[PDB]
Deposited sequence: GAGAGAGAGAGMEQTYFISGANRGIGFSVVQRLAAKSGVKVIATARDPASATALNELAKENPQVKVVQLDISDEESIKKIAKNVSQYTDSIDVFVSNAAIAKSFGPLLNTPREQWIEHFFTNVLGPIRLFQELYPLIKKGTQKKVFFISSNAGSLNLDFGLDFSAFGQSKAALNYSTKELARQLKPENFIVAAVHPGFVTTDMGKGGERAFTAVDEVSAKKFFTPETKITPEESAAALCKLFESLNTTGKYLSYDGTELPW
């Protein structure tokens, strides 16, 4: 039996991942929402598949992160596969036109949030069997891709977390952790369904650390 943890499971790719894991036998899922009482789809997911555990997490909120280990510990002794999915993408375009609040929000939500979350949940991952750690990144976060778009605070935040993900992969290799940054795809666009199926395949199959992977299993340049 394996415990997966998924932040931001109330809608989008996160809901799609939880819905697919729920179908796989011997999988417990800790699923988070900012507001689990409004998370209508996820609550019915969990009611029909009670191996899905619905927990409060706001990744912008240090008081919420300071509770996540307790909240997860209610349902499990360990985490096999940790997935930092919950994130924002509110600010694009030129730097001269990106205000202070946009830079601050993407940093706290998209960089600090996931680092604090991983810090809080490391003890539980440590005790699990798979020791897999996924941060949902974006190809927009590469220092070495040109989309003909500016990504402002969004891109900056994905590049920032990518830098720390790379370091974390190095730091935990001695502990046999598998650490990855994964672009979930453009969800040519793709459905949350497709993104999620590809994401679950990669989560199960990935056997080496320090990779930056697109959903299809191919590598991206940091």
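- Going by the record, the unmodelled stretches of the deposited sequence, in order, are 1 to 12, 200 to 226.
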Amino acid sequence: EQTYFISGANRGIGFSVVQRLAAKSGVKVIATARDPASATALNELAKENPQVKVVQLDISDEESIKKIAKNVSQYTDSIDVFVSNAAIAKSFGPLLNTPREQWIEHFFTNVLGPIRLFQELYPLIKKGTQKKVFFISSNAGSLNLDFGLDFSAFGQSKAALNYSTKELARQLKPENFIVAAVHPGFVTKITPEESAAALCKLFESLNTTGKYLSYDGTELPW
From here on, numbers count along this sequence of modelled residues.
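- Relative to one another, 74 to 82 and 139 to 147 have unequal mean CA B-factors, and 74 to 82 is the one with the higher figure.
- Comparing 25 to 33 with 156 to 164, the higher mean C-alpha B-factor in the PDB entry belongs to 25 to 33.
- When the C-alpha B-factors of 41, 178, 197, 65 are ranked from the entry, the top spot goes to 41.
- Looking at the C-alpha B-factors along this chain, the one for residue 131 belongs to the middle third.
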